[PDB]
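Peer 1: Here it is: the structure, laid out below.
A short reminder: the numbers here are calculations on the coordinates, not readings from a lab. Backbone-built Cβ (ideal geometry, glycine too); neighbour counts: all protein chains shown.
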C-alpha cells in the first residue's frame, strides 16, 4: 500500500509510476511510503 505526505507527492508518485518504475524508487523520489497494511497514517494522508 502506498501512502503519501501531501497531494503534490502523490501526483509526483503517479507520474513516476507511468513508465513502470518500482514503487520503492518512486517512494524515495517523492517522500511517499510503502506499508504492508492498508491503513495510511495521519501524517501520510494523501
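Peer 1: Quick one: which residue in 16, 26 is free of Cβ contacts under 8 Å to residues at least 40 places away in the same chain, within 9 Å of the chain's Cα centre (by Cα), in a helix (DSSP H, G or I) and surrounded by 16 or more Cβ atoms within 10 Å (Cβ to Cβ)?
Peer 2: Numbers: 16 fails: within 9 Å of the chain's Cα centre (by Cα).
The match here is 26.
Peer 1: Restricting the search to the stretch 1-13, which residues are part of a helix (DSSP H, G or I), surrounded by 14 or more Cβ atoms within 10 Å (Cβ to Cβ) and out of contact with any helix residue (DSSP H, G or I) (no Cβ under 7 Å at 6 or more places or on another chain)?
Peer 2: Within the stretch 1-13, 10 is the sole residue that qualifies.
Peer 1: Something else about it: Pairs please, first residue from the stretch 34-46 and exposed (fewer than 12 other Cβ atoms within 10 Å of the Cβ), second anywhere and assigned to a loop (DSSP other than H, G, I, E, B), Cβ atoms under 7 Å, 6+ apart in sequence or on different chains.
Peer 2: 37/1; 38/1; 43/5
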